[PDB]
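Chain by chain, the residues run as shown.
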Amino acid sequence: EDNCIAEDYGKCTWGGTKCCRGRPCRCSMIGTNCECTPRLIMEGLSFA
């Protein structure tokens, strides 16, 4: 009933449901419909 939004672009709601990775959420000029924007990622490359 209040988990965290750990999904890519997971729809959030300025009020409680915050991104699990603590990310800056934003919305439009209506006050509804928000999307978590990724802003971290690791440095270097992937496996191999």
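Caption draft 1: The pattern of salt bridges, seen in detail. Scanning all chains against the criterion turns up one salt bridge. Note that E35 is salt-bridged to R26, the shortest N-O span being 3.4 Å. What makes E35 partly exposed here is its relative accessible area of 35%.

Caption draft 2: Broad picture of the UniProt feature "disulfide bond" in the protein. A separation of 2.0 Å between the sulfurs of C4 and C20 falls under 2.5 Å, matching the UniProt disulfide annotation for this pair. Taken together, the positions of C4 in the segment before β1 (11-12) and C20 in the loop between β1 and β2 (25-27) put the pair 16 residues apart, joining distant regions of the chain. Judged by its relative accessible area of 38%, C20 is partly exposed. In this model the sulfur atoms of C12 and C25, a pair UniProt annotates as disulfide-bonded, sit 2.0 Å apart, close enough for the bond to be present. With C12 in strand β1 and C25 in strand β2, this residue pair connects regions lying 13 residues apart in the sequence. By relative accessible area, which is 5% here, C12 ends up buried. Judged by relative accessible area, which is 16%, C25 ranks as buried.

Conventions we followed
- Residues numbered from 1 in each chain as written, not as in the entry; some residues may be left out.
- Heavy atoms only, no water.
- Salt bridge = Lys/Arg side-chain N within 4 Å of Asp/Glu carboxyl O.
- Buried < 20%, exposed > 50% of the residue type's maximum accessible area, 1.4 Å probe, protein only.
- Disulfide = S-S within 2.5 Å.
- UniProt positions renumbered as here; feature names shortened; annotations may be inferred.
- Helix = DSSP H or I, 4+ residues; strand = E, 2+ residues; numbered from the N terminus.

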